[PDB]
């Protein structure tokens, strides 16, 4: 009933849960498993993909509404509904009393793609998928309709078995170009589309509500404009059905460059169809397009979507280039703090305890301890640092064992492998981490943080045959490489959308969602640190790719740093929750004003410096939150606002901190006014004083090793490197600066 992995183990049978006398139905229902039924064909075997834009197809009998941008679609018994949010469909609404804003479209139908033989399909299943397309299969015995579609595809490819094509409309469309087998058409409300069949298979029903074609293959395209030259271009790739799609990446450690090539492989549905497609690129992609891909752009081919403007690009592949900025295990000892006051705060933190038994609340607590230990080391409090790391070891050694002293499965504080889907679930569970396969990056990221801090001081503990095997198992659950026998590829991450999706099932009409982009970045940071500490280059580089790509998405869709994506009428300077089909300034729980910003900042750690790359954004967002609050009397989590403010104005952050940090004493679960419960006074005090001495984050300088940061105060740069090696190293920076770093240390600010 359990599998040994080094000194640890995971359960292979669902445990008999220890509820601890808690009768609350919500809590009890969390200690379960994901759905027994997976709507996939017998062509889809092995660990099932989750946390995808398309997941509702796998979980629901049919599907819920999905956003393969530029389209929205949904599977039904009658066929596939297709929709496009035009400007008249989009709204921006504010609820002043709730403090919420919503940018959204409609759940309409422009037309339904149908099968001539049936409008009563039994189910829709996942029949194939790749890095960002899916093949959905509507099934009714001999009648089948296979639909291939994806984020960043302006095509929907339709393949029929035992029937032919039908497009059904509630109001008759305007067919403005009739080329026989190819038609350009518009909905009654002027949305422009095209349909393509093989030569000789001509469309019928023009002028009526129902367009028909005898072919066993059609493609639908969303056209950027009512334009026959564009229709002719779409015709060129309309018979090249996407079968494979991969996002392959490299990390150039010398330059920091992360290069990602998106490549499709198509199957020809007519003689001579080219191996390629027309991609629709998101802002985070085209703003970083490689020079070599520029010639493939279709300049005037634009689509408006929730995420701004998509642009067309033709061919087999395209490439993006990003800059990995480094991460640190902790900020070093460079602040102008009262060392005795900080030491006092470090000892105060021994009063802290987890506010629940689930993986998330336990996670927040071990993240807190892992953050305190390096600061204790810096202050010369080696014995206190050892207490914290000893507490981390005791917790991890408990959770990473599935069996008790007798050899039977435990009822809590363990991990279990669900074989049906192929995922590691932790009990106790919360936020539907087990029942919906939610948030595995958010939760397990904190476990990796604890492991990485242990590994920084104790390489032996972190060896695979000891406790490292189980940590590497948790990491595989949420970010596996290809051909992993237990887990699907990069579970959390959508390589094309550029962000992680938090919900395992995606059974919402807005598609999938992500709230805390900062907890995702925290997970990626901790894997970089863990992998560096344990000598695992392939793992480290994968986490670098994730960190850097997620950052590009965050700056577009959560922050809109370029002031191009959010509608002008949208008041806030942040989107709290990104969905496939909408954007919310709102939280998953009932909160106040600060939390709707700070849930995309927390936790603060050595990988948080990405938050300060755009100082005008940091100012703009802070100022808007301050305007809405009406003062610096933060409704909750004051310390997070101060730490954020320190990215651009550490003097202001310092005066706010001095005025209120000691308003309350030791850890109090009921009161997060001043200190958010995953944070501490020691962390807050250490952070703000470091930023005061260091100045602004400087993203214009890179290094030829991955564990570093560069700051800039009025033209004077500070270069920080941590060296995880047993040997000394030399680090070259891109501005010509060079430093030596001794084993297991920072170059500067090691402390006592």
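Positions refer to the first chain, counted from 1.
When 630 to 638 is weighed against 316 to 324, 630 to 638 comes out higher, by mean CA B-factor as recorded in the entry.
For the pair 30 to 38 and 685 to 693, the record assigns the higher mean C-alpha temperature factor to 685 to 693. Taking only the listed residues 387, 413, 214, 576, the entry reports the highest CA temperature factor at 387. If you compare the C-alpha temperature factors of 337, 617, 196, 444 in the entry, 337 comes out highest. Residue 560: CA B factor lies in the lowest third for its chain, per the PDB record.
Among all modelled residues in its chain, residue 711 ranks in the highest third by Cα B-factor. Ranked by Cα temperature factor within the chain, residue 376 sits in the highest third according to the deposited record.
Per the PDB record, residue ranking by Cα B-factor puts residue 191 in the middle third of the chain. Per the deposited record, the Cα B-factor of residue 69 falls in the lowest third when ranked against the other modelled residues of its chain.
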